[PDB]
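Asker: One structure is given below, represented as structure tokens, and several questions about it will come after.
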Amino acid sequence: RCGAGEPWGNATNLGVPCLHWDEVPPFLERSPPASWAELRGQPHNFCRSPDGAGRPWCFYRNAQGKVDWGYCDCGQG
């Protein structure tokens with residue numbers, strides 16, 4: 001019990017901040033499950049999920065310099 005597909009906003013609930021969708025570098029460190037062009041949150045940052053598993057996700061940037069995507073659910077591992 002924590003939140004089934006809980007979009008914690010501009011940070012993954014596990015505790016890692018989401019980067020802006022238009023600020024996603026061409027050299028991405030993690031590969032997304034599909035094209036995310038239609039997440040349509042380009043100007044801003046925020047957990048996005050049209051389909052997949054009814055579970056929002058964002059691309060997060062960590063303080064180690066990496067930019068990968070993560071599920072906004074509740075520590076998805």
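Every chain in the structure tokens has a letter given in the order shown (A, B, ...), and although residue numbers restart at 1 in each chain, ligands are simply numbered from 1 in the order shown.
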Residue 65 in chain A: which residues within 12 Å, counting only C-alpha atoms, same-chain residues fewer than 4 positions away excluded, as a ChimeraX atom specification?

Answerer: /A:19,25,28-29,60-61

Asker: Write out as number ranges by chain all residues of chain A that backbone DSSP assigns to helix (DSSP H, G or I).

Answerer: A: 21-23, 37-39

Asker: From the DSSP assignment of the backbone, select every residue of range 9-40 of chain A that is strand (DSSP E), and format the answer as a PyMOL selection string.

Answerer: chain A and resi 11-12+16-17

Asker: Find the residues around range 51-55 of chain A up to 8 Å (only C-alpha atoms counted), leave out those fewer than 4 positions away in its own chain, and share them as a PyMOL selection string.

Answerer: chain A and resi 4-6+71-73

Asker: Figure out the distance between CA of residue 1 in chain A and CA of residue 31 in chain A, please, to one decimal in Å.

Answerer: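 According to the coordinates, CA of residue 31 in chain A and CA of residue 1 in chain A are separated by 28.6 Å.
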
Asker: Between A:75, A:50, A:14, A:22, which one has atoms that come closest to residue 34 in chain A, using only C-alpha atoms?

Answerer: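 Closest to residue 34 in chain A, using only C-alpha atoms: A:50.
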
Asker: Would you mind listing what lies within 12 Å of residue 24 in chain A as a PyMOL selection string, with only C-alpha atoms counted and same-chain residues fewer than 5 positions away left out?

Answerer: chain A and resi 18-19+29-32+36-37+41-45+58-61+66-69

Asker: Output N, CA, C and O atoms of each residue in that selection to a file, as an mmCIF file, in the first residue's frame.

Answerer:
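Result file result-v5.cif:
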```
data_model
loop_
_atom_site.group_PDB
_atom_site.id
_atom_site.type_symbol
_atom_site.label_atom_id
_atom_site.label_comp_id
_atom_site.auth_asym_id
_atom_site.auth_seq_id
_atom_site.Cartn_x
_atom_site.Cartn_y
_atom_site.Cartn_z
ATOM 1 N N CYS A 18 12.650 14.616 -11.434
ATOM 2 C CA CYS A 18 12.401 14.496 -12.865
ATOM 3 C C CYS A 18 13.029 15.673 -13.609
ATOM 4 O O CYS A 18 12.969 16.815 -13.147
ATOM 5 N N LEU A 19 13.621 15.388 -14.753
ATOM 6 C CA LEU A 19 14.173 16.409 -15.631
ATOM 7 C C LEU A 19 13.105 16.800 -16.660
ATOM 8 O O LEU A 19 12.097 16.103 -16.796
ATOM 9 N N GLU A 29 20.912 7.589 -21.496
ATOM 10 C CA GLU A 29 21.611 6.530 -20.809
ATOM 11 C C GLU A 29 20.728 5.306 -20.625
ATOM 12 O O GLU A 29 21.197 4.170 -20.696
ATOM 13 N N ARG A 30 19.453 5.537 -20.384
ATOM 14 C CA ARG A 30 18.480 4.451 -20.375
ATOM 15 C C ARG A 30 17.568 4.525 -21.580
ATOM 16 O O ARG A 30 17.177 5.604 -22.009
ATOM 17 N N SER A 31 17.220 3.367 -22.108
ATOM 18 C CA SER A 31 16.316 3.290 -23.237
ATOM 19 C C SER A 31 14.869 3.179 -22.753
ATOM 20 O O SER A 31 14.548 2.332 -21.914
ATOM 21 N N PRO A 32 13.984 4.057 -23.249
ATOM 22 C CA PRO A 32 12.561 4.044 -22.897
ATOM 23 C C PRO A 32 11.820 2.883 -23.563
ATOM 24 O O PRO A 32 12.225 2.396 -24.620
ATOM 25 N N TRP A 36 8.403 8.410 -26.469
ATOM 26 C CA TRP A 36 7.719 9.198 -25.460
ATOM 27 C C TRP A 36 7.354 10.575 -25.989
ATOM 28 O O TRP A 36 6.989 11.467 -25.222
ATOM 29 N N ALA A 37 7.440 10.743 -27.301
ATOM 30 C CA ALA A 37 7.113 12.015 -27.928
ATOM 31 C C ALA A 37 5.693 12.438 -27.572
ATOM 32 O O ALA A 37 5.414 13.622 -27.361
ATOM 33 N N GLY A 41 4.695 16.408 -22.584
ATOM 34 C CA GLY A 41 5.037 17.301 -21.501
ATOM 35 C C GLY A 41 6.314 18.050 -21.794
ATOM 36 O O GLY A 41 7.038 18.424 -20.879
ATOM 37 N N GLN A 42 6.548 18.306 -23.082
ATOM 38 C CA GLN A 42 7.814 18.866 -23.570
ATOM 39 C C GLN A 42 8.284 20.084 -22.757
ATOM 40 O O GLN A 42 9.367 20.048 -22.175
ATOM 41 N N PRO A 43 7.476 21.168 -22.677
ATOM 42 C CA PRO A 43 7.895 22.426 -22.032
ATOM 43 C C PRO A 43 8.277 22.264 -20.561
ATOM 44 O O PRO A 43 9.009 23.087 -20.011
ATOM 45 N N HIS A 44 7.799 21.206 -19.926
ATOM 46 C CA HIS A 44 7.950 21.064 -18.489
ATOM 47 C C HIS A 44 8.465 19.674 -18.125
ATOM 48 O O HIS A 44 8.935 18.923 -18.978
ATOM 49 N N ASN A 45 8.427 19.373 -16.843
ATOM 50 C CA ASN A 45 8.759 18.050 -16.349
ATOM 51 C C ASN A 45 7.581 17.540 -15.537
ATOM 52 O O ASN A 45 6.827 18.351 -14.999
ATOM 53 N N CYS A 58 8.810 9.258 -15.460
ATOM 54 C CA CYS A 58 9.503 10.414 -15.998
ATOM 55 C C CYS A 58 10.959 10.085 -16.212
ATOM 56 O O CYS A 58 11.445 9.045 -15.770
ATOM 57 N N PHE A 59 11.648 10.975 -16.892
ATOM 58 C CA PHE A 59 13.079 10.912 -16.963
ATOM 59 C C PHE A 59 13.646 11.751 -15.845
ATOM 60 O O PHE A 59 13.347 12.937 -15.741
ATOM 61 N N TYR A 60 14.439 11.132 -15.009
ATOM 62 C CA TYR A 60 15.009 11.799 -13.864
ATOM 63 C C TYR A 60 16.485 12.049 -14.101
ATOM 64 O O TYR A 60 17.152 11.283 -14.805
ATOM 65 N N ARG A 61 16.996 13.116 -13.527
ATOM 66 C CA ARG A 61 18.420 13.379 -13.577
ATOM 67 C C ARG A 61 18.960 13.348 -12.161
ATOM 68 O O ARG A 61 18.442 14.038 -11.283
ATOM 69 N N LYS A 66 23.647 11.456 -14.379
ATOM 70 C CA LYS A 66 22.921 10.577 -15.278
ATOM 71 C C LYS A 66 21.471 11.005 -15.420
ATOM 72 O O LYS A 66 20.882 11.599 -14.515
ATOM 73 N N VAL A 67 20.920 10.690 -16.577
ATOM 74 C CA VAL A 67 19.541 10.994 -16.916
ATOM 75 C C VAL A 67 18.864 9.732 -17.437
ATOM 76 O O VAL A 67 19.046 9.350 -18.595
ATOM 77 N N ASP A 68 18.092 9.099 -16.575
ATOM 78 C CA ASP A 68 17.417 7.847 -16.899
ATOM 79 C C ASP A 68 15.948 7.980 -16.555
ATOM 80 O O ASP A 68 15.560 8.934 -15.901
ATOM 81 N N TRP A 69 15.122 7.039 -16.974
ATOM 82 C CA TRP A 69 13.699 7.135 -16.682
ATOM 83 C C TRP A 69 13.323 6.211 -15.530
ATOM 84 O O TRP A 69 13.965 5.182 -15.314
#
```

Asker: Work out how far CA of residue 57 in chain A is from CA of residue 20 in chain A, in Å to one decimal.

Answerer: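 For CA of residue 20 in chain A relative to CA of residue 57 in chain A, the distance reads 12.4 Å.
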
Asker: Closest to residue 49 in chain A among A:74, A:64, A:33, A:17, using only C-alpha atoms?

Answerer: A:33

Asker: Counting only C-alpha atoms, which residue out of A:3, A:15, A:26, A:9 sits closest to residue 63 in chain A?

Answerer: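 Closest candidate: A:15.
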
Asker: By how many Å are CA of residue 13 in chain A and CA of residue 56 in chain A apart?

Answerer: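 These two atoms are separated by 11.0 Å.
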